[PDB]
Amino acid sequence: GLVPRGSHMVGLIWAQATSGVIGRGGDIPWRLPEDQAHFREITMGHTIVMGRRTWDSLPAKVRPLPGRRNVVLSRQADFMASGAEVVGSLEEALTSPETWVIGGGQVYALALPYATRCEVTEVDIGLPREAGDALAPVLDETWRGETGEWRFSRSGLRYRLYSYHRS
Ligand SMILES: NC(=O)c1ccc[n+]([C@@H]2O[C@H](COP(=O)([O-])OP(=O)(O)OC[C@H]3O[C@@H](n4cnc5c(N)ncnc54)[C@H](OP(=O)(O)O)[C@@H]3O)[C@@H](O)[C@H]2O)c1
Ligand SMILES: CCc1nc(N)nc(N)c1OCCCOc1ccccc1CCC(=O)NS(=O)(=O)C(C)C
């Protein structure tokens, strides 16, 4: 369904291990180049919102992510995010008709109450939760959606896509 341009659709998009781990040591603890393709089709041409630590985790070669208005949340007024914009709270981050929150753990939790879509790649990797891990947000019972089929990446890693939505 098309988004009426006067509304404010907020989506979250992330990839997680079975356990819910999404981040560890300032990085994503797997590599799934196939997952980048879905990430691009979902986010291209819209505003993307990320926490400062996720900005730090982006490779300099793709930073800011092209074709998208990059917004970084930080409480550091002097933060340097070249080619992006830095806002100090959530309200000014979510002003676009369509916004995709692209991480990390803190900012997913912050934005979830306002979101009506989650695009979730589940990676079949057994990484138990560890102290300091960044984690996927917990979805309450208002969400619903579709579970995709498992597929192998070129590397042999198995993954599948969940598309969740709510009113
Ligand atoms: N698997 C995935 O799909 C995926 C996607 C993205 C990221 N990641 C990984 O997730 C990890 C990063 O997640 P994280 O939870 O540690 O950090 P994060 O959510 O990316 O960023 C946290 C930072 O955002 C700022 N912030 C948080 N709440 C704010 C608020 N209400 N107002 C203003 N600023 C706020 C603060 O920046 P300041 O400290 O500068 O004040 C805070 O330190 C990394 O490991 C990353 O590689 C994984
Ligand atoms: C792709 C990981 C990911 N997957 C999902 N499903 N949701 C996320 N929020 C997520 O993290 C998005 C932020 C982390 O992004 C990373 C991390 C490592 C290497 C490169 C990057 C840039 C991403 C990139 O290359 N994007 S792209 O549009 O293909 C164009 C910039 C090449």
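All residue numbers refer to positions in the sequence shown, counting from 1.
Put simply, the side chain of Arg68 gets close to the backbone of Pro66: a donor and an acceptor are under 3.5 Å apart. Here the side chain of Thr54 pairs a donor or acceptor atom with the backbone of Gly104 at under 3.5 angstrom. Of the possible polar contacts, one joining the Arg63 side chain to the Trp55 backbone as a donor-acceptor pair under 3.5 Å is found. Panel note: side chain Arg53, backbone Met50; no donor-acceptor pair is recorded below 3.5 Å. Between the side chain of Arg158 and the main chain of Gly156, no donor-acceptor pair closer than 3.5 Å is present. One N or O on the side chain of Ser74 and one on the backbone of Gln76 form a donor-acceptor pair closer than 3.5 Å. No donor-acceptor distance shorter than 3.5 angstrom exists from the side chain of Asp140 to the backbone of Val138, with no hydrogens or angles considered. At distances below 3.5 Å, not a single donor-acceptor pair connects side-chain atoms of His46 with backbone N or O atoms of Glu98. In terms of modelled atom types and a separation under 3.5 Å, the side chain of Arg52 and the main chain of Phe79 share no donor-acceptor contact. Side chain of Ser19 to backbone of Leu127: a donor-acceptor contact under 3.5 angstrom is found.
A salt bridge is defined here as a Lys NZ or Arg NE, NH1 or NH2 lying under 4.0 Å from an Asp or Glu carboxylate O, and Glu85 with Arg69 meets this definition. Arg24 and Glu130 are joined by a salt bridge, as a carboxylate oxygen and a charged side-chain nitrogen come within less than 4.0 angstrom of each other. Under a 4.0 Å N-O distance rule, the pair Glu119/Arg117 qualifies as a salt bridge.
Atom CZ of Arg160 sits in a crowded spot, with more than 12 heavy atoms from other residues, nucleotides or ligands closer than 6.0 Å. For CZ of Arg154, the number of neighbouring non-hydrogen atoms (other residues, nucleotides, ligands) closer than 6.0 Å is 12 at most.
Residues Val62 and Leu65 come closest through the heavy atom pair O-CD2, 2.9 Å. Residues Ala93 and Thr99 approach most closely at O-CG2, 4.2 Å, considering heavy atoms. The two residues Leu110 and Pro113 make their nearest non-hydrogen contact at O-CD, 3.4 Å. In terms of heavy atoms, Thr95 sits closest to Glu92 at CG2-O, 3.6 Å. For the residue pair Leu32 and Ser153, the shortest heavy atom distance occurs at CD1-CB, 3.5 Å. Pairing each heavy atom of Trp30 with each of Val21, the nearest pair is CH2-O, 3.5 Å.
Of the residues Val86, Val101, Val87, the one that meets the side chain to side chain contact (heavy atoms under 4.5 Å, CB included) test with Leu73 is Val87.
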Verdict with supporting geometry, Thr142 and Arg166, side chain to side chain donor-acceptor pair (under 3.5 Å) | CA-CA 6 Å; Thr142 61; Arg166 62 179 176 175; 2.9 Å; yes

Under the side chain to side chain donor-acceptor pair (under 3.5 Å) criterion, do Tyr159 and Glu122 qualify, and how do the steps go?
-> CA-CA 6 Å; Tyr159 69 102; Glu122 180 184 16; over 6 Å; no

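Atom-to-atom distance recorded for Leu12:CG and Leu139:CG is 8.5 Å, nearest 0.5 angstrom. Taken to the nearest 0.5 Å, the CZ atom of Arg144 stands 13.5 Å off from the OG atom of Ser163. Taking SG of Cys118 as the start and CD1 of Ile13 as the end, the distance is 10.0 Å to the nearest 0.5 Å. Taken from OG1 in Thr116 to OH in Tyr164, the straight-line distance is 15.5 Å, to the nearest 0.5 Å. From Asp35, atom CG reaches atom CG of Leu161 across 9.0 Å, with rounding to the nearest 0.5 Å. One distance of note links CG of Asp124 with OG1 of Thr18; it measures 5.0 Å at 0.5 Å rounding.
Between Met44 and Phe39, every side-chain heavy-atom pair lies at or beyond the 4.5 Å cut-off.
Classification of the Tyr108-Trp14 ring pair by plane angle, with boundaries at 30° and 60°, yields tilted.
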